[PDB]
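Student: pasting an experimental structure, sequence included:
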Amino acid sequence: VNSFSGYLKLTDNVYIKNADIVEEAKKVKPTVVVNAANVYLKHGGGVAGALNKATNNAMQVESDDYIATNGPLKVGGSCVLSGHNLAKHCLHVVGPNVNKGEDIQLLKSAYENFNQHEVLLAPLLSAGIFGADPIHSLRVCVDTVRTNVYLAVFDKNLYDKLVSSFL
Ligand SMILES: Cc1c(O)cccc1C(=O)O
């Protein structure tokens, strides 16, 4: 049993809810919250901007030190950093950004990072401002992630469409 509440069960391991990921993290304090980051860990907008704002910019300060030491992530890659006030850990995962022309096949590689963690609170990778079709992102998630993932979808009209269209 875990603390996640109000989710619809899609599969053995994937759950979904219409929720603001920031508000969900603040309530649950999950072991892992996933950030939809860019390779530079520049948390300017969408999930990354909202998460970073909720940490009072501490996420960005930590991320700048990570990049200064290690250089940029790979598209499809990840790093584990602090969850600050939101979670124990933040898994920063880089899905491909369609609005930059990145290979959508890298979305499966991005979701494979989730398999290193038993339970996660996450957004749909590569969707929203990254340009991908969220229906596609949910299908890749279900077909890639084997660990227990609790998906938070901010957009109400999109949540209802993801559920209604789910195969
Ligand atoms: C996945 C997504 C969209 O495709 C569009 C707007 C918000 C979101 C979100 O849940 O963050």
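Tutor: In hand now; what should we look at? Numbering: from 1, shown residues only.
Student: show me which residues of this protein sit near the ligand.
Tutor: 47, 123, 124, 127, 128, 134, 153, 154, 155, 158 (CB under 6 Å from any ligand atom). Just so you know, the C-beta spots here come from the backbone N, C-alpha and C atoms, and that holds for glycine as well.
Student: switch the cut-off to 8 Å
Tutor: 21, 36, 46-47, 123-124, 127-129, 132, 134, 137, 152-155, 158-159 (CB under 8 Å from any ligand atom).
Student: just the buried residues from those, in ChimeraX please.
Tutor: The buried subset of the residues of the chain next to the ligand, as determined by 16 or more other CB atoms under 10 Å, is captured in ChimeraX by this line:
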select :21,36,46,47,123,124,127,128,132,134,137,152,153,154,158,159
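Student: show me the residues of the chain next to the ligand that map onto helices.
Tutor: Among those, DSSP state H puts 21, 46, 47, 134, 137, 158, 159 in helices.
Student: which one of these is nearest the ligand?
Tutor: Checking these against the ligand with CB to the nearest ligand atom, the nearest one is residue 134 at 3.9 Å.
Student: residues contacting the closest one?
Tutor: Counting by CB atoms under 8 Å, 6 or more residues apart in numbering, residue 134 touches 124, 127, 128, 153, 158, 162.
Student: repeat that for 7 Å
Tutor: Going by CB atoms under 7 Å, 6 or more residues apart in numbering, residue 134 touches 124, 127, 158, 162.
Student: repeat for residue 109
Tutor: Applying CB under 7 Å, 6+ apart, the residues near residue 109 are residue 76.
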